[PDB]
Amino acid sequence: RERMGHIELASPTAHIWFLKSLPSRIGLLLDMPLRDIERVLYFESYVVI
Amino acid sequence: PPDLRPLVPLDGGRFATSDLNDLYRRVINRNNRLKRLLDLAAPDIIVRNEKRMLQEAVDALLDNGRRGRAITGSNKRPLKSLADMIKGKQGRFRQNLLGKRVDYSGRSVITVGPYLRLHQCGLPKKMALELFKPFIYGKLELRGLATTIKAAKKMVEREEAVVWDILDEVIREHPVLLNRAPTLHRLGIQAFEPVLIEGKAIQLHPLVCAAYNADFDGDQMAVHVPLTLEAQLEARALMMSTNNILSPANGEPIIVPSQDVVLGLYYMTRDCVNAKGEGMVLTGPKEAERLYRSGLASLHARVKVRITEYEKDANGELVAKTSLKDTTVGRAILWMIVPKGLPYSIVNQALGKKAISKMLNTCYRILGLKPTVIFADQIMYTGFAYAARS
Amino acid sequence: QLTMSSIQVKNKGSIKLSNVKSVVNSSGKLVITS
Amino acid sequence: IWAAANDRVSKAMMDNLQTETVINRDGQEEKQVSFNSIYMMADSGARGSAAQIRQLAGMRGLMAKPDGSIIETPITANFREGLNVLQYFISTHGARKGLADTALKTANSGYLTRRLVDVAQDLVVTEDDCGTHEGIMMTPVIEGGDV
Amino acid sequence: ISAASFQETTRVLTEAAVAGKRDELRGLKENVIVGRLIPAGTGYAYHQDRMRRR
Amino acid sequence: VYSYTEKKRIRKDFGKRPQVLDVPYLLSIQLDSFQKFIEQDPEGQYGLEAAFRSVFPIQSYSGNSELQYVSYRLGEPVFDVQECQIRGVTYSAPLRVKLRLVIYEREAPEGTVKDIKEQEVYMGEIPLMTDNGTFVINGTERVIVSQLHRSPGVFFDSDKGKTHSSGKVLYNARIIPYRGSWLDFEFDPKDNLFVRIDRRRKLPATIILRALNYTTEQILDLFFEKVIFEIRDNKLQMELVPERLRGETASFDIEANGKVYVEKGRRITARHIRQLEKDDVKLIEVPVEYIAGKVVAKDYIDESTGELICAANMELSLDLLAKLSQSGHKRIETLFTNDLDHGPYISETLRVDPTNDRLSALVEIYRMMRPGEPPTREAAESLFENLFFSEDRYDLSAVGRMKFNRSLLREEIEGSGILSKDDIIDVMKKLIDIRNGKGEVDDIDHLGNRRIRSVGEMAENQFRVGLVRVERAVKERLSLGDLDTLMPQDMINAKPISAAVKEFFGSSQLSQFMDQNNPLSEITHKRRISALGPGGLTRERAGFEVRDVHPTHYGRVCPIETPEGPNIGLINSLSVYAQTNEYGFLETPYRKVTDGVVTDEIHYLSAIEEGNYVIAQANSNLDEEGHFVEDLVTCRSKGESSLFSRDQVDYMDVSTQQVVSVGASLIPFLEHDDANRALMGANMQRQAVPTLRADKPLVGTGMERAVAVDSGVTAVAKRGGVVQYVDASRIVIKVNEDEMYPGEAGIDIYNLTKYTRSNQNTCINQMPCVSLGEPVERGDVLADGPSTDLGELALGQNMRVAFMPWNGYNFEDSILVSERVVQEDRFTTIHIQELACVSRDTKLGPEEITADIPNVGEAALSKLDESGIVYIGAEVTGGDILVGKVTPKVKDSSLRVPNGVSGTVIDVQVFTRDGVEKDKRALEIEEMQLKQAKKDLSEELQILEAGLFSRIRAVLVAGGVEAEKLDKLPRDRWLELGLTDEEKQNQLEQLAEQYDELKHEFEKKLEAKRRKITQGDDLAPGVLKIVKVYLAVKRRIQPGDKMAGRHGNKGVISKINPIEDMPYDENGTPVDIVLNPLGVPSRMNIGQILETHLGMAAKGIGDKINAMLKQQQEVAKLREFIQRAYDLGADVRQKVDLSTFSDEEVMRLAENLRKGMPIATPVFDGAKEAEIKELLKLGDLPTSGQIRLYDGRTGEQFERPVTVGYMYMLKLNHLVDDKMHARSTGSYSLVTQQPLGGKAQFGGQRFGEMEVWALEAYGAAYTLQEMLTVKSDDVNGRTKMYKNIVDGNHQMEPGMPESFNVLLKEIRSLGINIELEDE
DNA sequence: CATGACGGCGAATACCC
RNA sequence: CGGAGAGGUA
DNA sequence: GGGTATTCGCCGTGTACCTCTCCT
Ligand SMILES: [Mg+2]
């Protein structure tokens, strides 16, 4: 009950707390609208990195 | 860690839904399938679909339902995620940190104990035997009546007379905390000296009932045992009912008599126009009590009584003044329980709830806590007795 | 325990006024301009 | 009109209930405070009020619809005489309203108490005297004629 | 800790994690949660010692 | 006239109003609802037949193959109710449905069938309702509570402001189908109609109209009236009807026959309009700029250019109108528009409306229904067709269509189940004209808008859900399966239907564990109506208005009986005479008043129709001819009460108990009790525990007999006859000759339930109330049930009670109880608990049940048998072993008696898995069961044989008398001897044929019964053996137990006073219970006082009769006194003539009355105070009801008279034995090491947030710390604290609580770094 | 799938320059 | 021995 | 380019205790 594990992720995944908990931390930091980041995050749009 | 998300067995051979391991299972499955569809390579559309559903699995595991629909288990009930572990009424903070279940605790239906003193409660001896059990074990080994823990446990289970003597010795001056839900203010928990009683119900002192907002139509109270010396002394010095006569909200007394006591004092202090024994002249309250008990004078008879009252001077000593008072037999009888230092006029009237509360407040302001507690107990006893006699 | 055109003095005493401006009146009875 | 009638009935009932007549030692008939049991219970303050006694022995009076409007015809009966079906059904509106009010307001009261406890949980008396010369000016609370 | 235990645990914890907030065990709720003596009443003097030694 | 059984004990009735309508069968709702469900309905309107016809036939995607339903039948249940309860299985019948598989010819003209397969298919088990309206699910008795839900149809509502700005009311309409999507229309703050399908994003309403293939011109025609501007040469003269111009100011000098009537600047009034009755001016010139604020209503084009000049719903501007006029257009369409009653909401919505044709509207609707999924024309058309226009996906029920048409003032009740274009258009029109101040919104809480679904309807709905789940699979099995020679059973799978039905009957919110404390609790549970459940409300969210007593609740819903707390106003009780109509709406009966005469014709009126009549109150005096004696009777008209003349009156209430429920109707002097305390008393009557001896209430209402009979807890004579045999377990009735059918023995056997536990572990015991040879009539009570006394509901005991304070022992509702009450076992109750010992398979080996248990002495195993199972009748106490079980590790897993549960073993049951060697205890139990079953098929056979022998004797001495052959020739020879037939034995050939059939019935099923007894009953997987032990305990009354009357007067016993200490009267008789007077005034439950007085009077009568019984007085004197007692009253309806009684009947009645004469006082037609004082005089008791009491302790007189009488007290199921609990240490939870919760788990008390706040307010820091750490999840701290306490060292060493570590780990798991710092 | 809760508040959206 | 539903007491 | 009014999604909604069934 004290030892934790880890899960290696094949792809980077966005933490839900820092995205949807208003105000969006990713949205505020990148100055993008939440809808835009969501479309990109849930695979509806592209971002010109 | 897995021991923080265990599997509860049902019907011996099978497990229910842990509701948290399922989300971990989904995340692991989706991650592995994504990684494998990244090795063999695939059309980018299905790769992106797998990446998206891995994202959905992770964001459901962290906070299920925050974005999109809430993933549902075997029943229609939403899955309870990691964020749900720590938030809300059932979350970790409010359910296990700000409040928790405790040992050395019990609960039972409360009944009235009209014979109790203000600092005492009536506690079932079975309940006390269960509650104070480690103390019983310690004392049994202390006089060598049980060599080992097992022998003491068997002795307590048999309920031998010597075990009841141990129980008598342990709780002599060890207070217990009585609580009634809801605990709206601090007087909802008070400390009392337990008195072993044969029944299964807890006996509560009448005067503290208003503090608990408690009555005897089905109410139940919880009892807790302060373990350490510091807790016992906090119970005696801070939470004991004798220290809680005043209200912290407004400073008014909160042990004020009500119902039967108020009715008894009012009836005994009422006067009648042609009551038996009217016009008598009495040497004092004792003669009034003798006349009432022998049936030679009515309780409401208007008489003249020699009353000796006491008043604090500037130095603070009690100067005595003796004079003939035009009063009733009942008022003279009630005067006997009044502590020295109060004017006789405080009882020389029909005494209602307001008047009785003013009497208690005056006693507290003039004479302090101890005379006030004694006077409150005497008032309760007298009120019950004369309400019964009325 | 919780739920859910003129002024006439009723007692005997002097009357004081604060934040007041007094001026001439037609009937001699003061009108408040403050 | 019905409120005035209720007041008259209440006054008559209380005047008849609060006094009894007694013969003096001189054979004269004298008035005194009544020894009626219910009057003693109310007067002592042990249990009951004038309003409840009025329902017991006067008239229950005007009732209100669930929307809050007062029903035109009051309950002229009292609990000693006994209500009829219509009067009892009318009174059930207020009884249900009060019970539901209590049941639903207890939660709001608990929520307010929790919020107050949190906002004030950390405040503790930590000093004997900070020496400040400021303060609030206390005066009696005055609203119209009464203080 | 107090704000998270009160309401809006997700938002409060997001604020604290992003800001990197440091919480002094100074109030009653904080010491109750970590099972320490409260800085009031009989424990008050205790915390005073804990302050003076530090 | 009274029957012989009624003569036993006649309750004196003080009721004065004649009874016109009998109280109906109190369980009619449940039985009728389920009967509708299961019985064959040829019409197919309702039930399983309707559920099949609504889904069948199922057709393939191609349609080449199909299934046709023919019929259904319900088979015989495998087990009856008792075996289902014993074995823990559902009492259900197999559903067997006749199906037909139609394969159609290929390359045929049309629908020709090549082959049809006729088969019978099993579609699962349908749980069956028992005789008393219950269900047996998994062996547990459950009640399906009826649900009060919004009726299907159209409902118009508004939010009175309180949404936006100030005072802006937004009207809306909701079409609620019984099945399908919900169609809503609403007004925005900008007065634009918007449409919402299924609470989705709001769209402009016009889209729906476009989706219905309505163009802009058609829409404007539908929702506006065309105004014309008919230009001849110039000046823009305008044709009008006068009624149009009323309401608004005059824009021009209106002219009448060439003479101006009103000039500009003067608003047109009513007199202005009425002056045009003889002034029929049609063409009126108007200013050109007046057209500026107008809207063109049609699409126009120039004659031949092909350039559309304008379209519909366009503002008409000066340039637009002028260049229109230069094109030669004679007239221009316009929309009539006002500001208060003809608002242009449709036109403005058209403006907002982004769609422009049917395709655009369909695409928009599909987009809204399917967010983010690409739209197709065919897909959009199919979705819109399926939304409201397909029978499979949308269904307005019959009640839905009825309510829909009624709300729209359509005179056709019957209609289709799907919406049409006219329906939607009419709904929009009514919403618009409600906005225009022409209609009124509907009342959501009105009982004409809320209907009742019961067990049958909900079972049918769940069955239909399962059936469509089968349909999805069978359609693809028929389409994509290359089927040949296959039978319809192959396609049908009963798993989804069975799953749905079991889910409904075991896990639904309305499938509730039956409250079985007493018969009243069963009746109330079977009669509750719940606003919760699927499609209803939630108790956390329900507001004040839905919880209130609505005026339409009168006579339909009890305004008194409702739960306290969160469920208040959401759970209701059906009224006594209330019933549902064919549409499920609650209706109540009324007497028709014709020509001022109150007739006996009874009409059941629903809430809607009741408000259209003037209905007289029940408390209205009539005469022998039925006319109202008074001239201004109180009546209810439209939800309000006032006074009317008798000719105005249309109806009258049938009874004074019409408004109350059964529990409220059981409260004597209910009209003298405050409604809150009446609610409490009605609720607590259901919590009364049946006592050792059932005791009738001295003061009742007359409803006790109805409750006792209708509850089904008693044995009621099916047919009349004479008691041929009787014993504590069985009654055998010899049926009268006029009630026997041809060829039967005429014997009725009633086997009584003996000492079986209820759902609340109370004792259910039936004991006979008839003697040997007694004559019985149909409907007579043969055996009393729990809490039943001679067929009368007997919830408690009659207690001599004094209202006086006794030294603080009755303080704050406390109750002082005399020790004589304890000695006489007045409130001693039997409680039966079931303990289960399960021997399973573990990884190591099977669990063994045996008497060989390690680490226990032989004394601890003396009560076990050789098998290791406790003997029947053994007296056991806490810790004693009932079933010895060893689990291999062996470890001691034996089932032990719970602590302080000392009781008697009264039953042991053994269930053994197939293939498992049953133990010798199981062998002997099986042998006992076999012997009892053989007796059942013989003793019943012997008694029926006796009845047949009596019948044959009676027939044979009728025309075929042969005295010699009765004794010289035995029975068997008659059956077969070879002789010529005649009238003597031809009739015997039909009556002894049934005798031979009992030779073919009882013996034939003997093998089946043996097979059932010896079969290894199926158990849970891994369960080797189950041993159920039943422990029966006598709970005696003690301090801490909860007592209550019927008036809300509840309390807890504080002391068991010795008899010599209790108050006593001048005759030395002590009282039983002392109650505080102070709880009467503020509570205002005055009935308990009156009952007390009446109770005394009742006892007084008995005290006289008993005296005459001890002095052995003549039957004449007892006749005189009892007649005087029954004749007392102010014109009571009851008439008892003792002259009709025989001397033996009078003596029996006097014997039954010697403990006090029962009194019936109906709830609003009860005994008056003067009648009570008269009865007190008859018993030589004071009229005041107050007597001189003496103090037992001292003998001294109490200074004032004390109200002494008899109150009917109940012991509630809140015993202090079940509630007292304590724990020092014990088990702990897994995730958090805090103690477990609950007495059953030996858990610790929760020290919640508010307790912590109290400790902080005290400053008790160390007490709080020890509660948080060493009394809790501080494992090391708690272990050290225990060791220190054992060592006499009361000092704690607190550490970190484990739950804080759990919180830290959980926050880590969220990818957040939270840690403690250095120091 | 459920379609009977609602008030308060801050971020985002739209309208109006 | 965790969750869900139902009911109940204060 | 800027301010303000409206819309939409999230947050919260009393404590303590007792009984039953059902749940990969
Ligand atoms: Mg209470």
Side-chain angles (χ1 to χ4, degrees), chain A residues 20-24 33-35, chain B residues 6-11 14-19 66 69 72 74-77 80 88-89 99 107 109 179-184 188 214-215 217-222, chain D residues 104-115, chain E residues 7-8 10-11, chain F residues 137-138 140 142 145 149-150 164 174 176 181-182 184 189 196-200 444 506-515 525 531-532 534-538 540-543 546 563-565 567 571 683 687 759-761 1042 1212-1214 1218-1219 1221 1227 1229-1231 1236-1241 1245-1246 1248-1251:
Chain A
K20 287 288 285 176
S21 187
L22 294 174
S24 171
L34 184 46
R35 304 167 311 280
Chain B
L7 292 172
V8 176
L10 282 71
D11 297 73
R14 268 308 186 284
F15 277 127
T17 62
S18 178
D19 194 293
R66 164 155 299 266
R69 186 179 295 276
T72 287
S74 297
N75 208 53
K76 284 298 280 186
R77 68 185 68 188
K80 190 180 68 201
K89 193 170 300 174
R107 86 174 288 128
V109 176
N179 176 235
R180 196 200 77 109
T183 310
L184 294 193
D215 62 8
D217 65 354
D219 293 26
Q220 291 177 249
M221 275 207 294
Chain D
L104 301 181
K105 66 182 181 180
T106 197
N108 295 82
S109 176
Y111 182 37
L112 170 59
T113 305
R114 197 173 91 87
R115 288 175 286 165
Chain E
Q7 293 183 359
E8 293 179 353
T10 292
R11 179 209 101 181
Chain F
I137 307 303
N138 299 310
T140 61
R142 311 189 70 108
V145 162
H149 68 120
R150 308 182 59 167
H164 187 273
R174 312 188 74 167
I176 305 155
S181 66
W182 289 30
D184 308 287
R196 266 154 80 100
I197 310 187
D198 283 325
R199 296 294 86 193
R200 297 292 299 274
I444 190 167
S507 296
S508 178
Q509 294 162 273
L510 303 181
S511 187
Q512 311 185 352
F513 195 66
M514 179 162 102
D515 181 14
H525 206 159
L532 309 170
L537 295 152
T538 62
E540 313 74 32
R541 302 284 77 82
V546 66
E564 282 163 70
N567 287 332
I571 290 170
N683 292 345
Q687 303 166 18
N759 275 344
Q760 282 69 39
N761 296 307
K1042 181 165 186 181
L1212 301 195
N1213 205 356
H1214 296 286
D1218 299 324
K1219 287 173 192 332
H1221 172 54
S1227 296
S1229 194
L1230 295 178
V1231 176
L1236 290 179
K1239 177 172 150 61
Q1241 279 156 69
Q1245 301 298 313
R1246 168 163 175 86
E1249 270 187 272
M1250 298 165 99
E1251 291 62 58

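Atoms considered below: every heavy atom in the structure, side chains included; atoms not considered: hydrogens, waters and symmetry mates. Numbered from 1 within each chain, the chains take letters A, B, ... in sequence-line order.
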**Prompt:** Starting at CZ of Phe513(F) and ending at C1' of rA6(H), how long is that distance when rounded to a whole Å?
**Reply:** 11 Å
**Asked** NA contact type, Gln687(F), heavy-atom cut-off 4.0 Å: base, sugar-phosphate, or nothing?
**Response** sugar-phosphate
**Message:** From the set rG2(H), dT3(G), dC1(G), return the single nucleotide nearest to any side-chain atom of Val8(B).
**Reply:** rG2(H)
**Request:** Remember a base hit wins even if backbone is also touched, and classify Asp217(B) as base, sugar-phosphate or nothing at under 4.0 Å, heavy atoms.
**Result:** sugar-phosphate
**Message:** Would you say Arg35(A) places a side-chain N or O within less than 4.0 Å of OP1 or OP2 belonging to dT13(G)?
**Reply:** yes
**Request:** Would you kindly compare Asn75(B) and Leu532(F) by the position of their nearest RNA chain H nucleotide and give the one closer to the 5′ end?
**Result:** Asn75(B)
**Backbone of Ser181(F) reached by a side-chain donor or acceptor of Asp198(F) within 3.5 Å** = no
**Prompt:** Base, sugar-phosphate, or nothing: which does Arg174(F) touch, judged by heavy atoms less than 4.0 Å apart?
**Reply:** sugar-phosphate
**Prompt:** Looking for any heavy atom pair under 4.0 Å, which part of the strands does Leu1236(F) touch: base, sugar-phosphate only, or nothing?
**Reply:** sugar-phosphate
**Request:** Could you list the residues that satisfy salt bridge (charged side-chain N to carboxylate O under 4.0 Å, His left out) with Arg199(F), not counting sequence neighbours?
**Result:** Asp184(F)
**Item:** Furanose pucker, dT7(I), classified by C1'-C2'-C3'-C4'
**Value:** south
**Request:** Locate the shortest heavy-atom distance separating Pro189(F) from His164(F); write the atom from each residue and the value.
**Result:** CB-ND1, 3.7 Å
**Prompt:** By salt bridge (charged side-chain N to carboxylate O under 4.0 Å, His left out), which residues pair with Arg107(B), not counting sequence neighbours?
**Reply:** none
**Message:** Between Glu540(F) and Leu34(A), which residue's closest nucleotide on DNA chain G lies nearer the 5′ terminus?
**Reply:** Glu540(F)
**Item:** Closest to the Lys1042(F) side chain, choosing from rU9(H), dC1(G), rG2(H)
**Value:** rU9(H)
**Whole-Å P distance, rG5(H) and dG14(I)** = 16 Å
**Request:** Take the protein atom CG of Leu537(F) and the nucleotide atom P of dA5(G), then report the distance between them rounded to whole Å.
**Result:** 7 Å
**Request:** Verify side-chain contact (heavy atoms from CB on, under 4.5 Å) between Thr10(E) and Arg66(B), making sure each step is shown before the conclusion.
**Result:** CA-CA 11 Å; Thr10(E) 292; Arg66(B) 164 155 299 266; 3.7 Å; yes
**Message:** Taking any heavy-atom pair under 4.0 Å as a contact, classify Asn759(F): base, sugar-phosphate, or nothing.
**Reply:** nothing
**Message:** So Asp219(B), base contact, sugar-phosphate only, or nothing? Heavy-atom distance under 4.0 Å.
**Reply:** sugar-phosphate
**Complete:** Taken to the nearest whole Å, CZ/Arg200(F) to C1'/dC8(I) is 15 Å
**Fill in**
A correct 5'-to-3' footprint of nucleotides 9-19 of chain I, with B, S and - meaning base, sugar-phosphate only and no protein heavy atom under 4.0 Å, is -SSSBBBSSS-
**Fill in**
Going by torsion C1'-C2'-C3'-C4' being positive (north) or negative (south), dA5(G) has its sugar south
**Request:** Check for a donor-acceptor pair, side chain of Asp515(F) on one end and backbone N or O of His525(F) on the other, with a separation under 3.5 Å.
**Result:** no
**Request:** Assign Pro6(B) to base, sugar-phosphate, or nothing according to its heavy-atom contacts below 4.0 angstrom with the strands shown.
**Result:** nothing
**Item:** Partners meeting side-chain hydrogen bond (donor to acceptor under 3.5 Å, both in side chains) with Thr183(B) (sequence neighbours left out)
**Value:** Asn179(B), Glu1251(F)
**Fill in**
Side-chain contact check for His164(F): nearest option of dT7(I), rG2(H), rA10(H) is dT7(I)
**Request:** Return the value, rounded to whole Å, for the distance between atom CD of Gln509(F) and atom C1' of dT21(I).
**Result:** 14 Å
**From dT7(I), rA4(H), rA10(H), nucleotide with atom closest to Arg77(B) side chain** = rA4(H)
**Message:** Heavy-atom count check: over 12 atoms from other residues, nucleotides or ligands less than 6.0 Å from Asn75(B) CG?
**Reply:** yes
**Request:** Would you mind calling the pucker of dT4(I) north or south from its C1'-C2'-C3'-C4' torsion?
**Result:** south
**Fill in**
So, going by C1'-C2'-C3'-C4' where positive is north and negative is south, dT15(I) is north
**Those residues that, when tested against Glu8(E), pass salt bridge (charged side-chain N to carboxylate O under 4.0 Å, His left out) (two or more places apart)** = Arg11(E)
**Request:** Quick one: label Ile176(F) by what it contacts on the DNA or RNA (base, sugar-phosphate, nothing), any heavy atom closer than 4.0 Å.
**Result:** nothing
**Given RNA chain H, 5'-ward residue of the pair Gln512(F) and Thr17(B), judged by closest heavy atom** = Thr17(B)
**Fill in**
When rounded to whole Å, the CZ to P distance for the pair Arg142(F) and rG7(H) reads 12 Å
**Message:** Is it the case that the side chain of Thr113(D) and the backbone of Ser109(D) share a donor-acceptor pair, with hydrogens and angles ignored and the cut-off at 3.5 Å?
**Reply:** yes
**Request:** Looking at every strand, decide which applies to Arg196(F) at a 4.0 Å heavy-atom threshold: base, sugar-phosphate, or nothing.
**Result:** nothing
**Item:** Upstream residue (5' side of DNA chain G) when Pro33(A) and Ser181(F) are each assigned their closest nucleotide
**Value:** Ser181(F)
**Prompt:** What's the CD-P distance between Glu564(F) and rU9(H), to the nearest Å?
**Reply:** 6 Å
**Complete:** Heavy-atom closest pair (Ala542(F) atom, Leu104(D) atom, distance to 0.1 Å) is O-CD1, 4.1 Å
**Same-atom distance (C1') from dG7(G) to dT15(I), integer angstrom** = 24 Å
**Request:** Note down whether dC11(I) puckers north or south, where north is a positive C1'-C2'-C3'-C4' and south a negative one.
**Result:** north
**Asked** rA4(H) phosphate, OP1 or OP2: any side-chain N/O from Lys80(B) under 4.0 angstrom?
**Response** no
**Nucleotide nearest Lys76(B) (side chain, heavy atoms from C-beta), chosen from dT21(I), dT13(G), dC1(G)** = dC1(G)
**Request:** Pick the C1' atom in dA5(G) and in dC18(I), then give their distance to the nearest Å.
**Result:** 30 Å
**Asked** Reading DNA chain I 5' to 3', how would its secondary structure be written in dot-bracket notation, given Watson-Crick and G-U pairs with both distances under 3.5 Å, brackets [ ] for crossing pairs and | for partners on other strands?
**Response** |.|.|||||||||.|||||||||.
**Request:** Compare all side-chain heavy atoms of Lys1239(F) with those of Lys1219(F) and state whether any distance is below 4.5 angstrom.
**Result:** no
**Message:** Determine whether a donor-acceptor pair (N or O, by modelled atom type, separation under 3.5 Å) exists between the side chain of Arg115(D) and the backbone of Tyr111(D).
**Reply:** yes
**Message:** I want to verify a distance call: between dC23(I), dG4(G), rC1(H), whose nearest atom is closest to the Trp182(F) side chain?
**Reply:** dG4(G)
